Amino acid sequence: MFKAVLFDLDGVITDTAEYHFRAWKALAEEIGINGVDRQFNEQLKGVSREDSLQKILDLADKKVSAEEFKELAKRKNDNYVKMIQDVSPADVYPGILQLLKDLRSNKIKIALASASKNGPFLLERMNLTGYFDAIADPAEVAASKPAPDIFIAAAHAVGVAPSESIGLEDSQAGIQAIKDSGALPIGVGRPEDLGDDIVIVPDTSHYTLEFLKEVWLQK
């Protein structure tokens, strides 16, 4: 049986994309740029801060100095950190708390494999910290998803090989990173987005220990 589960944060445990979106929107409004809506935000998801800011500036064809660019970037991050102060256990995705309990009761290791720079803070606010055996530090890994490094680090941090692990992800890059790490992916979302070759569930309420066991046995 698998010995660990490696969790992405956004789109698996909770929604942080909402707060990034709101923070970019509020920045854009604050400097008179229109058009930062949820559709446009698709071009900002999982993209660096610089790239995002550049794309938002490119809407209005607005020019800034290096000093101004830096300050804008900081203001968005400050706004994001303010907005996540509201995170609570009410923000945990369905099925996830029960899954963590059940994994823990079965001595299966639980690790976070997220690019979130606020991962520990977020898990604390959601009261999940006690379930986690490690949180992979994205500052200590060389390359981001779809590189496998973050999943490798998460596995190793709990004393397992990625080949002994299931990885849970909602993104194409993340599924690819899981695959390349050696772990078994189980996607959440749509096969139209994540591929027909992996097991995918429609939402997180389908991530149960029994289902994960069945998937493991069938691989």
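Numbers for residues come from their place in the sequence shown, where the first is 1. The term rigid core refers to the maximal set of C-alpha atoms that superpose within 1.5 Å between the two forms.
*Asks:* If the other structures are each fit on the rigid core, which stretch ends up farther away in C-alpha terms in 6 other deposited structures of this protein, 23-31 or 163-171?
*Replies:* Of 23-31 and 163-171, the stretch deviating more in 6 other deposited structures of this protein is 23-31.
*Asks:* Do the Cα atoms of 122-130 or of 79-87 sit farther, on average, from the shown structure in 6 other deposited structures of this protein when the rigid core is superposed?
*Replies:* Comparing 79-87 with 122-130, the one that moves more in 6 other deposited structures of this protein is 79-87.
*Asks:* Return whichever of 111-119 and 141-149 has the greater mean Cα B factor according to the PDB record.
*Replies:* Between 111-119 and 141-149, it is 141-149.
*Asks:* Mean Cα B factor from the PDB record: higher for 44-52, or higher for 156-164?
*Replies:* If you average the C-alpha B-factors of 44-52 and of 156-164, the larger mean comes out for 44-52.
*Asks:* Comparing residue 217 with the other modelled residues of its chain, is its CA B-factor in the lowest, middle or highest third?
*Replies:* Tercile = highest for this residue's CA B-factor.
*Asks:* Among the chain's modelled residues, which third holds the C-alpha B-factor of residue 200?
*Replies:* Answer is highest: the recorded C-alpha B-factor places it there.
*Asks:* Relative to the other modelled residues in the chain, which third contains the C-alpha temperature factor of residue 59: lowest, middle or highest?
*Replies:* For residue 59, the deposited C-alpha B-factor lands in the highest third.
*Asks:* Going by the entry, which third of its chain does the Cα temperature factor of residue 102 land in?
*Replies:* Middle third of the chain for residue 102's C-alpha B-factor.
*Asks:* Hey, what third does residue 36 fall into on Cα B-factor, ranked over its chain?
*Replies:* Tercile = highest for this residue's CA B-factor.
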